[PDB]
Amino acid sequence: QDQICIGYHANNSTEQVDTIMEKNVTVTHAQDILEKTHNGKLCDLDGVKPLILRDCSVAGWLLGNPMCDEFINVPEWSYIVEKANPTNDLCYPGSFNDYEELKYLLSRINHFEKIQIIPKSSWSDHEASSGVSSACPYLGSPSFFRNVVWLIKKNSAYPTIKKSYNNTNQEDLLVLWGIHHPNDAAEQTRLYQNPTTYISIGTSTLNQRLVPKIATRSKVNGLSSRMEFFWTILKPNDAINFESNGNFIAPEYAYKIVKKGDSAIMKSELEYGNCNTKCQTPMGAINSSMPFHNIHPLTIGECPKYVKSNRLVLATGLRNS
């Protein structure tokens, strides 16, 4: 006869979702909110290209390891990529004060501008072109870190140094220098004449006195000697004052901080792909409209939200027999 019936939609989709009381439930329509794919590349970030340290560390770059000449001048970057174990670091064995604190500063910077603050030619009463070592070779010849100069005596004499540089720029200056720790008293006089030496350094803020440690150590990269490096941020119109009668590894080039900004130091073995992206992870870039992802927690750019899941599916439709 006559009839009327109330029913509901159904279709052919096999997609399943979960609820609290039941898993693997098939539905008519769903929405996956979890991006699970990247391009496996290291891309530019919104058109600004990353700085990919290759087999160089931050220290090798900033100090100017001769094996790191690729980075002598470096344009504005978006983020920095460093390998887990860069082979080019401190060619001359030693240490780098407050290194992780510097690395952190770097994640807050987008561009350095290398400038010569004390030319190697200005040293009239000390030797400046003999500060080289087999530990730091360039094309097979003994060399050294490019941005600092290892001064030694001249005509059997090391007059005490009084050098001063005033930051007359409008940008903060990253200034690096070092001290050399010999292996015995003979080496000390051989390099510097003076047996008992020091290096004082002052700014508005900094007030340090360094004395070299002449002592017996185990050979690293062939040497028992050590080079120990220091740094500071020189604020505009402040000056830095060096006084030393030996073991001084004087600055030559320093870095104007021309662009503070949001940045990062990615640990990744990957290298430069040739691409652009809005979201970059250390294992590859992301291009998605998804609100979530599961690729890597350490990320940079306008990215989805990281989550440890392998599947996250929202149910929009209804049950389906």
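Start at 1 and count along the sequence shown; that's the residue number.
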{"query": "Greater mean Cα temperature factor according to the PDB record, 65 to 73 or 269 to 277", "finding": "269 to 277"}
{"query": "Residue range whose averaged C-alpha B-factor is higher in the record, 183 to 191 or 83 to 91", "finding": "183 to 191"}
{"query": "Top Cα B factor in the deposited entry, candidates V58, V258, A30, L51", "finding": "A30"}
{"query": "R217 - which third its CA temperature factor falls in, relative to the rest of the chain", "finding": "middle"}
{"query": "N147 CA temperature factor, ranked by third within the chain", "finding": "lowest"}
{"query": "CA B-factor ranking of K103, expressed as a third of its chain", "finding": "lowest"}
{"query": "Third of the chain, ranked by Cα B-factor, where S121 sits", "finding": "highest"}
{"query": "Chain thirds of CA B-factor: placement of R226", "finding": "lowest"}
